[PDB]
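Novice: Just the first chains of my complex for now:
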Amino acid sequence: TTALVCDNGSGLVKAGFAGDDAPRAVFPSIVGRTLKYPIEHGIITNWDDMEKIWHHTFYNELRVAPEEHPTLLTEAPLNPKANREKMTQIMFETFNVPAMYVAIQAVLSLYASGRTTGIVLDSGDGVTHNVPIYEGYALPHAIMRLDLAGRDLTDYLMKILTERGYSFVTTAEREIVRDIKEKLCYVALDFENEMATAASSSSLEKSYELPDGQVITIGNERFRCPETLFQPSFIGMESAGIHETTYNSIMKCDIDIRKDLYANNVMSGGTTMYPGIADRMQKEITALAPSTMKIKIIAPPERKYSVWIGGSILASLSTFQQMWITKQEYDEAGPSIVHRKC
């Protein structure tokens, strides 16, 4: 009688029960044979492996029988119709869930901010999306996708620390650098100024303690790493930055709702957790938009879990109860019911 909420990400699975303020279980989306990531850039690409992960969610992490709880899952924006159907098939026929639904992650994040209209920036471990949303529906022609997120940043941080004399190379060491990224990296309001402070003084330098007790210093790397979000060619990508893509996204929208989009930039996901990221987005967006445009960036403290929380909220909504797909419905109709409904 309690709904489950399962948020499948490229790097982390967020799972728990609808009606809770936070997921009870957060764990890595990996299977080992060497580690495989069954979710690449927000999309499921190995189904056997994904089954093992959902099997782990039910029986190990949450400790519930799947056939007893309606289950709300999440999908990346622009997730192919065929992918969504396979997900539905696995849930009802492998796991015997009594009901389910598949929600778009970035919309859930918007709901968690107490909003139904806005433009979300959702940046995770494997993909970055700009998702314009009007009255609860994502506008698919205007969604932007950037294949650059936290894992790319971490690798970049491994590369640039190497040029300071450190040798971070192994996949175990990649975990240590992810940790440094999360404790020590921030977004410079102005990249040049920051490089010049760091060139001429030690005021931005931080110490980090390694597992074995050794202490190292990191400098301009702190902000050079997440700077790649605004200038992706730092790792050889031609794409525009997250500021430009927010702008391009808003511009693919009907002029009537663009003011509301600009006033409602919601940030979502672990890779939007960099201190200073909101002030830099404000400043960058300002520079591209018309002079009179009211620009607002909302960055909730709990935005590592926004998608999950939006799910918890939706699953609990009286209005949403009519939208669950029941096993009866599915076994009667066919995997198509996941259109004229979801």
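Specialist: Structure received. Numbering: from 1, shown residues only, chains lettered A, B, ... in the order given.
Novice: Show me how chain A divides into domains.
Specialist: Domains of chain A are assigned by curated CATH domains as A:1-104+A:303-342, A:105-148+A:238-302, A:149-237.
Novice: Which residue ranges of the stretch 1-150 of chain A form strands?
Specialist: In the stretch 1-150 of chain A, strands defined by DSSP state E, counting those that start in this stretch lie at A:4-8, A:12-17, A:25-28, A:31-32, A:35-36, A:39-40, A:43-44, A:71-75, A:99-104, A:118-123, A:128-134, A:137-138, A:144-146, listed in chain order.
Novice: Ok, which of these comes nearest residue A:336?
Specialist: Between residue A:336 and the strands of the stretch 1-150 of chain A, the shortest gap by CB to CB is with strand A:99-104, which sits at 13.7 Å. From N, CA and C alone the C-beta is placed, and that goes for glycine too.
Novice: burial measure for residue A:121, as a count.
Specialist: Around residue A:121 sit 30 other residues, with neighbours defined as other CB atoms under 10 Å.
Novice: Let's check: the centremost residue of chain A is which one?
Specialist: Per CA atoms, centre = their mean, the C-alpha nearest to the average position across chain A is that of residue A:124, at 3.4 Å.
Novice: Could you identify which of the strands of the stretch 1-150 of chain A is most buried?
Specialist: Greatest average neighbour count among the strands of the stretch 1-150 of chain A goes to strand A:118-123 (a mean of 29), per mean count of other CB atoms under 10 Å.
Novice: can you give me the offset of that strand from its chain's centre?
Specialist: Remark: strand A:118-123 is offset 9 Å from the chain centroid, using CA atoms, centre = their mean, to the nearest Å.
Novice: Just the angle for it relative to strand A:128-134, thanks.
Specialist: If you take axes from the mean of the first three to the mean of the last three CA atoms, to 10 degrees, strand A:118-123 sits at 160 degrees to strand A:128-134.
Novice: and residue A:159, what element?
Specialist: Applying DSSP states H and E as the criterion places residue A:159 in helix A:150-162.
Novice: just checking, residue A:197 touches residue A:203?
Specialist: Yes: using CB atoms under 8 Å, residue A:197 makes contact with residue A:203 at a distance of 6.3 Å.
Novice: between the two, which one's more packed in?
Specialist: Looking at residue A:197 and residue A:203 with other CB under 10 Å, you find the greater number of neighbours at residue A:197, namely 17 against 8.
Novice: Put this one in as chain B:
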Amino acid sequence: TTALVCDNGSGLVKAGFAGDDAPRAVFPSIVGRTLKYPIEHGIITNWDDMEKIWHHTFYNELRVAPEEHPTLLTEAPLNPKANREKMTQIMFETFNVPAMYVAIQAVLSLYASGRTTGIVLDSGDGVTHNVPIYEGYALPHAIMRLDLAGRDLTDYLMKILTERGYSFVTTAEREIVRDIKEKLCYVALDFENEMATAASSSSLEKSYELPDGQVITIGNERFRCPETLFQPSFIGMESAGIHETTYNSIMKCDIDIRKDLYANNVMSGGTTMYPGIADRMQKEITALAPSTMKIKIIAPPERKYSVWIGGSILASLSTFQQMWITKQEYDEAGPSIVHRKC
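Specialist: Chain B, in position alongside the others:
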């Protein structure tokens, strides 16, 4: 009967004869006891040493008897009255010149561009000035001085190459790095973009051959070095950059002539020889000025020698012949004649 033109700089002496398109002699402003630079930041600070240099100019470089040629000398903008008088005293009483004059360097550069009104940027080896000029006279309340020029850049280039694995440390090696600076450095139109090209590809890398035959590669250093002109805090200076100081200089001027200043940015001196420096000044000045402002940067090809050439031109002008101070005048009046005249 031929006038001499002697342009005394922090690093190089430019000397020759009025009526010529170029100085016949260019040589370093040094005395050795260890090398001393008798001119610090454009100002003469050792007089015995300066006498040796002028003695070298007359007898070794130019091969003329001083008592036979009117001699035009140059001074930094804002050169103290007392300094100018000592110069005059040495010329007439140590060297027995039959006539002389002391001209402001940055005005000469303006004249060499065929102009009497404009704002000069004069950047040498030891000092950088912004000099607003209206109808032939420098406006002293509006002159900006920056203690950052080519020698500072070269040292900075020695420091940053060291962090790439090279060890440029000795004063002999400092000459090699000055040479690299002059053959290989340029000004990025956009610093960030350039850092990102250089981080992700080898397309800005250049080879340089050392005297002993070894070949080295230099990368982002090419534009990181002269970038210090626009962002001086890269070497721990709080001053504004050459773009900001041009702006601040123009703003200390009467509103009536500011349009003419903006339309007439003349660049002068070796440190304005960086490829791309004119486009970057255009762009930076544009960003600070009002939207409607006609901005123009004039960068003559011969601007390493503009000061000298302006001197050659002035010394040859029929209008200027009344302005020479003769030895007769001086021996009659006193070193003050260098006001109600010069």
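Novice: circling back to that earlier point, give the closest residue to the residue nearest to the centre of chain A in space, chain neighbours not counted.
Specialist: residue A:269 (4.6 Å; CB to CB, 6 or more residues apart in numbering or on different chains).
Novice: how near is the one you found to residue A:335?
Specialist: As judged by CB to CB, to the nearest Å, residue A:269 and residue A:335 stand 29 Å apart.
Novice: Those two: who's more crowded?
Specialist: residue A:269 (27 against 16; other CB atoms under 10 Å in any protein chain shown).
Novice: Next, work out how far apart that one and residue A:4 are.
Specialist: The spacing between residue A:269 and residue A:4, counted by CB to CB, is 21 Å.
Novice: and what of residue A:109?
Specialist: Distance, residue A:109 to residue A:4, using CB to CB: 19 Å.
Novice: can you check residue A:266 too?
Specialist: 25 Å.
Novice: With residue A:181 instead?
Specialist: In terms of CB to CB, residue A:181 sits 31 Å off from residue A:4.
Novice: Give the full set of residues in contact with the residue lying closest to residue A:70 once chain neighbours are set aside.
Specialist: Of all residues not flanking residue A:70 in the chain, residue A:99 sits nearest, at 3.9 Å (CB to CB, 6+ apart). Residues in contact with residue A:99, defined by CB atoms under 8 Å, 6 or more residues apart in numbering or on different chains, are A:70-71, A:324-327.
Novice: if we go to 10 Å?
Specialist: Shown in contact with residue A:99 (CB atoms under 10 Å, 6 or more residues apart in numbering or on different chains): A:3, A:69-72, A:91-92, A:321, A:323-330.
Novice: from the residues you listed, which is closest to chain B?
Specialist: Of all the contacts of residue A:99, chain B sits closest to residue A:72, with 40.7 Å by CB to the nearest CB.
Novice: Close to chain B: what parts of the stretch 151-300 of chain A are there?
Specialist: A:156, A:159-160, A:163-164, A:190-193, A:195-201, A:224, A:227-228, A:230-237 (CB under 10 Å from any CB of the partner chain).
Novice: Can you select the buried ones among the residues you listed for me in PyMOL?
Specialist: Typed into PyMOL, the line below selects the buried ones among these, using 16 or more other CB atoms under 10 Å in any protein chain shown:
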select buried, chain A and resi 156+160+191+192+195+196+197+198+199+224+227+228+230+231+232+233+234+235+237
